[PDB]
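What follows is one chain in structure tokens, specifically the form deposited in one PDB entry.
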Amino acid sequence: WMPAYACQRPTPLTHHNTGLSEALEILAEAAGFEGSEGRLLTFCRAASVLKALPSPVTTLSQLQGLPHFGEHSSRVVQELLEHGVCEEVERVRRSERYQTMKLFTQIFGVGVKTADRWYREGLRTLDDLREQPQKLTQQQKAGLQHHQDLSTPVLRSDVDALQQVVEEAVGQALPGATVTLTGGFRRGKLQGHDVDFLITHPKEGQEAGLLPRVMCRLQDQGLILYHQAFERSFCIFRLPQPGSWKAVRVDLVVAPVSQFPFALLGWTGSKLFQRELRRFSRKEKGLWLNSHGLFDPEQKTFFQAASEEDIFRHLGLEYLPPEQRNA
């Protein structure tokens, strides 16, 4: 009854197994910090299964027959059910390796590979990094200077004012171009670590060269604290605050209107949902999906889509609104 792919089931934002899913996601994160992407995926998938259940897991028996629950994830749930804590999870939580890899990977411009190298070099704190800044990229210097502001969640109540400033710049760059809020906010989240906007124009081709024009205008308005032809921009924006402002991460993405449903799907997430959707497409339907299109490699054709609904139908999946893609 519980299908194996997260794109085959509704996953709401809030659910009935929060504590169990959070513990599995700690182990998933730690697996990623060690480069074990397969174990990260299994732990992420097991957590996601619990998010999709209709009521709390109260006894181990209820894991029987659920996909992605083997001996390891079942033992994690078992210990939480019996003692309220999982020793493995707590050992990870307080480990110096986990805490420092988390601290470092949270910096904009630092990935797992860089954080791991720093860890092996003996670095442990943000002040350790600030001491020899010539070792940092320009992106990493920005991420480090802005780290405190970037560590505070963006509120959905901040987003509308920001969307209006982006829309003004976009409308000057290309009258008729539109801005769509994507990411976790579109899935219903009340906060997020960054804001995501998808930009298009109803006349195919008119969006060509648009993003530099947008960025130049936003920069001239004094709103860009950091930015790098292009179609994705990963920025730090000045967001107004009472008597002041704060730095917020903002992603801007441009797509032609022909690709807009695919880009909207991809950027609306969740990350696990998109990975599972692309895996399902490829492995179950023989179709190749990304944020630009859906390719039939046998007939060498791209599927036209006018809506997200179209894409779910192409793939033979029941339609899920964004609020049920919180895998």
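Take the two forms, superpose them, and find the largest set of C-alpha atoms that agree within 1.5 Å; that set is the rigid core. When you see a residue number, it is the position in the sequence shown, counting from 1.
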According to the PDB record, deposited residues with no modelled atoms between residue 132 and residue 133 number none
Comparing 12 to 20 with 299 to 307, which stretch shows the greater average C-alpha B-factor in the deposited entry? 299 to 307
Going by the B-factors listed in the PDB entry, is the mean over the C-alpha atoms higher for 187 to 195 or for 216 to 224? 216 to 224
Out of 41, 60, 47, 294, highest CA B-factor residue: 60
Of the residues 167, 87, 207, 149, the one whose Cα carries the largest B-factor in the deposited record is 87
Test of reading the entry: by CA B factor among the chain's modelled residues, which third contains residue 64? highest
Rank-wise, by C-alpha B-factor, drop residue 255 into the lowest, middle or highest third of its chain. lowest
Ranked against its chain, the third holding the CA B-factor of residue 262: lowest
Could you look up the Cα B-factor of residue 269 in the entry and say which third of the chain it sits in: lowest, middle or highest? lowest
Entry-reported Cα temperature factor of residue 203, expressed as the chain third it lands in: middle
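Just so it is clear, the following notes concern the form deposited in another entry, a form of the same protein that is not shown.
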From 253, 210, 150, 76, residue displaced between this form and the one not shown - CA threshold 2 Å or more, rigid core: 210
Taking 2 Å as the cut-off, check whether the CA of residue 220 shifts that much or more between this form and the one not shown after a rigid core fit. yes
